[PDB]
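The chain that follows stands alone, in the form deposited in one PDB entry, written as structure tokens.
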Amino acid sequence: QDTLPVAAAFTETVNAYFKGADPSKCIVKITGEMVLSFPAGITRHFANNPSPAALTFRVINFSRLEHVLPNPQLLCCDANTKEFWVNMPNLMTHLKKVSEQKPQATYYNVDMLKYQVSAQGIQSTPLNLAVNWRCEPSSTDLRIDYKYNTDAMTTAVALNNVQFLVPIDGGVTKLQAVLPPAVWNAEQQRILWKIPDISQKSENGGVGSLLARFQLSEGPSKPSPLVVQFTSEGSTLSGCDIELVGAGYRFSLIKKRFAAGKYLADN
């Protein structure tokens, strides 16, 4: 059983732009990459195997992907499934090069597939947002409504390190009625909320509001984009998975994760 243990990862990035409370105006773009990881020692392995067993895999739910770019050195020579035969001499050349360059490395990550995920508006979005501003001549009311949305992801999984940053115009003298607690950057004139986790297991099922009032010393505030951050582990957005075909290899791990890229909301 000289089967090389190997690892795979899908990593997805969701971009979203929300416009007031109007779902039809939400612009969504999801991208991703599939990466193969080879464990230190592969070089010795290929030293014993000049003509190794072919590395062939199949990507599940392939129809959910569009704009697929296969590694032009390692790949490319029907509905929902696509099979690949990795180019072995080029993979070994590669792995020899990076190994003789980072000999201390515990694994070598190789990019196989770059792709886009067919998205359908606000449904494809793991965190729904609606922002409302009330801009008085000397006062500003800010409301951020968020909703954890399981429909965007393959399996119900938490959002981690969630950040809500928003610039406040008009020269703020004082913060009032701030709920939950946030952090005011004075030098930068902008407010930041942090929630460590959001999910079904969160309070109110992952549905919440961020509230702030601001006293101004200069005119009204002009609303600015809410910028959001979060990461996630244990699920993809695309619903893709990977399988080995043929003998000689084993997946030691298949890591699935996604993260917010440009994730904005306007008034």
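Only residues modelled in both forms are compared. From 1 onward, residues are counted along the sequence shown. Basically, rigid core = biggest C-alpha set you can superpose within 1.5 Å across the two forms.
Mean CA temperature factor from the deposited coordinates, higher in 168-176 or in 153-161? Going by the record's values, the stretch with the higher mean is 168-176.
Got a sec? Mean C-alpha B-factor, which is higher, 212-220 or 32-40? Per the PDB entry, the higher value belongs to 212-220.
Just grab whichever of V110, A119, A105, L74 has the top CA B-factor as deposited. Among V110, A119, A105, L74, the PDB entry lists the largest C-alpha B-factor for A105.
Check the PDB entry and point out which of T236, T56, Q200, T231 has the largest C-alpha temperature factor. Of the options given, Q200 has the highest CA B-factor in the PDB entry.
For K114, does the deposited CA B-factor place it in the lowest, middle or highest third of the chain? Bottom third by C-alpha B-factor.
Quick check for you: using the entry's CA B-factors within this chain, is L4 in the lowest, middle or highest third? Highest third - that is where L4 ends up once the chain's C-alpha B-factors are sorted.
Name the third of the chain's ranked CA B-factors that contains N132, choosing lowest, middle or highest. Middle third of the chain for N132's C-alpha B-factor.
Going by the CA temperature factor in the PDB record, which third of the chain does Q123 belong to: lowest, middle or highest? Tercile = middle for this residue's CA B-factor.
Relative C-alpha B-factor of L91, binned into the chain's lowest, middle or highest third: Its C-alpha B-factor belongs to the lowest third of this chain's values.
Not on display, but discussed next: the form deposited in another entry.
Please name the single residue among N109, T93, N185, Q101 whose Cα shifts by at least 2 Å between the shown form and the other one after core superposition. One residue passes the 2 Å cut-off, namely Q101.
Spell out whether the Cα of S209 moves at least 2 Å between the shown form and the other one when the two forms are superposed on their rigid core. After core superposition, the displacement of the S209 C-alpha between the shown form and the other one stays below 2 Å, so no.
Flag for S199, CA shift 2 Å or larger between the shown form and the other one after aligning core: Result for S199: no, shift under 2 Å.
Is the shift of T31 between the shown form and the other one large enough to count as movement, that is, does its C-alpha move by 2 Å or more after the core is superposed? No.
With a change of at least 3 Å, which way does the C-alpha separation between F84 and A47 go in that other deposited form: closer or farther? Note: Cα gap between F84 and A47 shrinks in that other deposited form.
Against the shown form, C-alpha atoms of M88 and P50 in that other deposited form: closer or farther, for a change of 3 Å or more? Here the pair is closer than in that other deposited form; there, farther apart.
Tell me, which consecutive runs of three or more residues change place between the shown form and the other one by 2 Å or more at the CA, with the core overlaid? Moving stretches, in sequence order: 46-51, 100-104.
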